[PDB]
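Since the structure comes first, as structure tokens, the remarks are kept for the end.
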RNA sequence: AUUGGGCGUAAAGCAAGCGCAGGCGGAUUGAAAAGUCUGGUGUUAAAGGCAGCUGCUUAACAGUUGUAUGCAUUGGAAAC
RNA sequence: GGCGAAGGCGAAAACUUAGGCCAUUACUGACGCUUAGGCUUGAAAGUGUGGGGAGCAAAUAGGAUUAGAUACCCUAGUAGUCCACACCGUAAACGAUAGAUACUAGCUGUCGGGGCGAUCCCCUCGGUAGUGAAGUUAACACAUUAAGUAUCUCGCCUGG
RNA sequence: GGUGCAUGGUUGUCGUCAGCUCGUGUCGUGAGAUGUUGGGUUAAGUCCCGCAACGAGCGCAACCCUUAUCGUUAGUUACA
């Protein structure tokens with residue numbers, strides 16, 4: 001359980017008599033055991049926003065099965081003109097990613113990884129791309145079972 | 001799935 | 001016996017051009033007349049599978065939900081089965097969101113139990129106007145939440161008369177992991193339904209038989225007397 | 001942005017057609033393999049780095065050892 | 001609605017001319033597509049020559065008007081508005097989507113050709129839109145003729 | 001004494017006009033919303049009808065007194 005935030009956003013509702021600033025925040029809840037979720041909540045002060053985002057992210061928790069500590073294939077994460085390349089890292093080389101991106105990688109409990117950024121990388125875009133990538137992955141045992149092969153490589 | 005448990 | 005041609009007094013006749021192309025593949029290779037027809041044998045086996053699965057589920061001591069909200073036909077059938085079998089049911093229209101949002105259901109039914117227990121306990125505790133208002137709230141609760149006040153937890157199984165026509169029900173069922181059965185129509189999506197039961201519901205002469213057979217299933221599963229689903233005759237139920 | 005981007009409202013489709021060259025090009029059979037891959041051989045100095053060793057206060061560094069693009073000849077390969 | 005390469009094409013008669021839709025199991029034997037370059041046409045307006053100018057109307061005249069008006073306002077009025085011979089080669093020349101090619105839900109259609117045939121209707125073949133699944137984009141929206149899936153070729157894009 | 005384009009407070013005002021926010025769940029990545037929309041009922045978001053809405057909070061809401069019918073405790077400094 002880590003419950004790591006990404007960034008606080010400020011907006012304003014265009015209404016005369018006081019432009020309402022009910023600004024939104026986004027938090028990510030994980031446990032480094034495959035459980036991943038994230039929630040965005042709009043509120044007025046810090047504690048209410050923090051609590052609403054915690055509820056939203058923790059209630060939306062869903063687990064993703066963990067392979068060996070690093071991914072075994074390269075994959076592209078595409079969301080809102082923002083792509084991120086994931087490449088396998090041998091279990092002794094190291095993990096290279098950005099701060100929030102590294103937080104996302106750790107939140108899944110995955111070890112050393114290789115990453116690369118493409119496009120405009122506004123943090124919500126990167127979060128969506130990472131979500132897509134972790135949901136678009138294919139498994140070796142799956143292709144081995146749905147097919148007829150014993151090697152399972 | 002055809003089980004509930 | 002069980003779901004043969006003798007019991008089937010109507011299996012086709014659904015109004016045309018309201019259909020799903022992939023529901024033209026699971027059932028009834030396309031008719032030249034383009035009238036919405038349905039298959040006999042595949043529906044029979046699907047119904048048998050639903051019957052045995054709901055039997056097993058009831059033997060697991062689980063909760064079940066039954067639905068009916070049509071003008072009078074399906075509503076009358078579901079009311080008859082509700083006073084016959086203790087299952088969750090809604091006599092009136094779905095509130096848009098009544099399954100996905102669950103905490104609001106819990107608070108509504110807690111207030112419903114408060115009102116019911118107050119009315120039962122009350123010998124002289126409110127004025128005439130106050131009692132009239134409380135009875136108005138009681139009646140409003142009976143309209144929608146009254147059919148589900150009997151059970152106070154999520155029903156583990158549920159039927160749908162028409163998932164596309166009950167879009168809210170099918171959406172809220174797909175929100176959850178609960179298995180669902182549905183009288184699938186030619187303009188439905190089989191992937192939205194856990195167990196396919198392709199049958200005509202817009203023709204009431206078939207949906208009445210389906211409702212009776214599900215009533216038989218739940219009654220026999222609940223160790224209660226059963227009226228049909230193994231019988232060489234069935235009563236006529238036609239619109240007048 | 002071949003590798004490694006697009007062209008509707010953002011920068012992007014000539015106003016359109018004829019439209020040569022060129023590019024891309026229906027199927028089947030054969031050979032040569034020109035291209036291509038590949039085998040033998042030669043050459044591609046040293047020095048540069050990658051790695052090992054030695055001399056250094058470990059050290060940068062110096063020396064030792066090998067590592068290679070690429071080209072040519074010759075034997076094949078036949079899918080394209 | 002149809003003909004269309006677009007721009008565009010409607011009071012009608014004839015002459016000449018292009019292409020079209022529908023099936024060709026008959027023919028040729030890949031002869032096909034794109035397109036550097038080149039060629040042609042290409043709204044309107046406008047310039048030159050001959051006509052003539054119904055109607056209005058650039059410029060210009062008088063009159064309102066506001067503080068001011070060579071304006072929106074009113075009455076005029078010239079060029080021009082037409083075609084034949086010459087040119088111009090541009091646009092919101094837009095469907096804001098280059099061409100050619102293949103596949104892909106579904107529904108409502110609409111027209112024409114083929115047959116059934118009394119119109120109606122049926123499907124087939126082409127044009128033709130709307131709806132709409134999936135999918136696509138940030139969205140709008142596209143959505144079987146896509147802005148989906150892609151290929152070949154050309155042309156363009158690189159902050160203001 | 002000045003200083004309400006520097007204020008507190010207070011008032012006028014739209015207006016006794018039906019409109020104004022939050023919790024949960026849902027469309028969407030957002031700027032937002034669904035309830036708050038559309039039909040009937042009142043002055044009224046007052047209610048329900050249908051409806052991704054269900055609920056809750058403010059206004060509204062109504063709980064006051066006088067009157068209108070009667071009765072009750074009490075009777076003058078009313079009656080008489």
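Positions of Cβ are backbone-derived with ideal geometry, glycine not excepted, and every protein chain shown enters the neighbour counts. Laboratory data are not the source of any read-out in this text; all were calculated from the coordinates shown.
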Q) Going 7 Å from the Cα of residue A:91 toward and past its Cβ, which residues in segment A:108-123 have a backbone nitrogen under 20 Å from where you end up? A) A:108-115
Q) Considering chain A as a Gaussian network with a 10 Å cut-off on Cα pairs, which listed residue, A:92, A:133, A:69, attains the greatest mean-square fluctuation? A) A:92
Q. Other chains' Cβ within 10 Å of C:45-57 residues: what's the mean?
A. 1
Q: Provide A:60, A:79 in ascending order of the number of other Cβ atoms located within 10 Å of each residue's Cβ, fewest first.
A: A:60, A:79
Q: Two decimals is fine: what is log10 I(q)/I(0) at q = 0.16, 0.20, 0.22, 0.28 Å⁻¹ for segment C:192-235, from a Debye sum with one equal scatterer on every Cα and no solvent?
A: -0.51, -0.74, -0.84, -1.03
Q: Report, to the nearest 10°, how far helix C:41-59 tilts away from the longest principal axis of the Cα atoms in chain C, using its own Cα long axis and a range of 0 to 90°.
A: 30
Q. Among rounded, prolate and oblate, which fits segment C:1-91 when a ≥ b ≥ c are the square roots of the eigenvalues of its C-alpha gyration tensor, a/c under 1.5 means rounded, and a/b larger than b/c means prolate?
A. prolate
Q: Can you give me the P(r) profile for segment A:1-137? Cα pairs, bins 5 angstrom wide beginning at 0, each as a whole percent.
A: 2, 10, 18, 21, 18, 13, 8, 5, 3, 1, 1, 0
Q: Taking just the C-alpha trace of segment A:21-85, give me its Rg and Dmax in Å.
A: 15.2, 45
(Q) Give me the Å³ per residue figure for the convex hull around the C-alpha atoms of segment C:1-44. (A) 76
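Between residue C:150 and residue C:25, how high is the FRET efficiency from 1/(1 + (r/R0)^6) when r is the Cβ-Cβ distance and R₀ = 35 Å? Nearest 0.05. Can you show the working numbers first?
Working: r = 40 Å, r/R0 = 1.15.
For residue C:150 and residue C:25, the calculated efficiency is 0.30.
How big is the equivalent ellipsoid of segment A:66-142 along its three axes, where each semi-axis is √(5λ) from the Cα gyration tensor, reported in whole Å from largest to smallest? If you can, show how the numbers build up before the last one.
Values: eigenvalues 75, 40, 22 Å².
Three semi-axes, in Å: 19, 14, 10.
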Q) Does segment C:143-240 come out rounded, prolate or oblate by the C-alpha gyration tensor, with a ≥ b ≥ c the root eigenvalues, rounded set by a/c under 1.5 and, if not, prolate when a/b is larger than b/c and oblate if not? A) oblate
Q: Take the Cα radius of gyration of segment C:125-178 and divide it by 2.2 N^0.38 Å, with N its residue count; two decimals is plenty.
A: 1.64
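What per residue convex hull volume, in Å³, do the alpha-carbon atoms of chain C yield? Intermediate results must be reported in sequence, preceding the final value.
Details: hull volume 35.7 nm³, N = 240.
It comes to 149 Å³ per residue, whole-number rounded.
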Q.
Eigenvalues of the Cα gyration tensor times 5, then square-rooted: what semi-axes does that give for the protein assembly as shown, in whole angstrom, largest first?
A. 47, 33, 20
(Q) Suppose each label sits 7 Å from its Cα in the direction of the beta carbon; what would the residue C:83-residue C:126 distance come out to in nanometres? (A) 2.5
Q. Ranked from highest to lowest mean number of other Cβ atoms within 10 Å per residue, what is the order of the peptides A:6-13, C:153-160, C:118-125?
A. C:153-160, A:6-13, C:118-125
(Q) If you average the C-alpha positions of segment A:1-57 and of segment C:169-234 separately, how far apart do those two centres end up, in angstrom? (A) 43
Q: Return one number: the angle in degrees, 0 to 90 and rounded to the nearest 10, between the long axis of the Cα atoms of helix C:128-143 and the longest principal axis of the Cα atoms of chain C.
A: 20
Q: Mind telling me which of C:78, C:12, C:87 comes out most flexible in a GNM of chain C, alpha-carbon contacts under 10 Å?
A: C:12
**Q.** Estimated inter-spin distance, residue A:147 and residue C:1, nm [label 7 Å along Cα→Cβ]
**A.** 4.6
Q | Folded to 0 to 90 degrees: helix A:123-136 orientation relative to chain A principal axis, Cα | A | 30
Q: Compute the separation of the alpha-carbon centres of segment A:105-153 and segment C:1-66 and state it in Å as a whole number.
A: 41
Q | For peptides C:208-214, A:143-149, sequence by mean Cβ density within 10 Å, most packed first | A | C:208-214, A:143-149
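Please arrange A:65, A:74 by counting, for each residue, the other beta carbons lying within 10 Å of its beta carbon, fewest first. Numbers along the way, then the final one.
Working: A:65 7, A:74 11.
In order of increasing Cβ crowding within 10 Å: A:65, A:74.
Between residue C:189 and residue C:238, 0.36 nm times their residue separation minus their Cα-Cα distance comes to what?
On the way: separation 49, 0.36 × 49 = 17.64 nm, distance 2.85 nm.
The span from residue C:189 to residue C:238 would gain 14.8 nm if fully extended.
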Q: Report the far tail of the P(r) of segment C:39-181, meaning the percent of Cα-Cα pairs longer than 28 Å.
A: 26
Q: Give the Rg (one decimal place) followed by the Dmax (whole number) of segment C:41-90, computed from C-alpha coordinates and expressed in Å.
A: 12.8, 34
